[PDB]
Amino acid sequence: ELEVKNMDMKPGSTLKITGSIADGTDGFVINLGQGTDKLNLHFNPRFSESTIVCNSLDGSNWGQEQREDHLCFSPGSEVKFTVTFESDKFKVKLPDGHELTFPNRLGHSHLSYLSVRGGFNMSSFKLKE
């Protein structure tokens, strides 16, 4: 339920998130955007469905749902995701090395809100230039 607010994530920067995935959890959520009603990227690993459902949020309506069946990490372990923001798109680097890519459909050249929902408890985040 943690929520970082008013950060300055410009294009080219890299956000490094390390946290722990609660035992026996269905999944979790990492939201990046301008605010709660505007999520440029909604990274959501569903252990239940065995997928990483990524999607965007523009107020009330979600965008087309994209899915990646490359859930190669487990609960009980503390892992790290490295998502690098780029005007054109985001590249999330999964803990097992596999890079993902989600489009910046909302045209936002600046992120400022992050929120950790679900069974993930992040111990630290690092914003690189």
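Don't overthink the numbering: it's just position in the shown sequence, from 1.
S.K.: Would you mind comparing 17-25 and 104-112 for me and telling me which has the higher average C-alpha temperature factor in the entry?
M.R.: If you average the C-alpha B-factors of 17-25 and of 104-112, the larger mean comes out for 104-112.
S.K.: Going by the B-factors listed in the PDB entry, is the mean over the C-alpha atoms higher for 5-13 or for 114-122?
M.R.: Result of the comparison: 5-13.
S.K.: Name the one of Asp88, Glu65, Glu78, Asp96 with the greatest CA B-factor according to the PDB entry.
M.R.: Highest C-alpha B-factor among the listed residues goes to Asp88.
S.K.: Going by the entry, which of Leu71, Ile30, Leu57, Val53 has the most elevated CA B factor?
M.R.: Across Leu71, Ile30, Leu57, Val53, the entry lists the biggest C-alpha B-factor for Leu71.
S.K.: Sort the modelled residues of this chain by their C-alpha B factor and say whether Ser48 lands in the lowest, middle or highest third.
M.R.: It belongs to the highest third of the chain when residues are ordered by C-alpha B-factor.
S.K.: For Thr36, does the deposited CA B-factor place it in the lowest, middle or highest third of the chain?
M.R.: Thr36: CA B-factor falls in the highest third of its chain.
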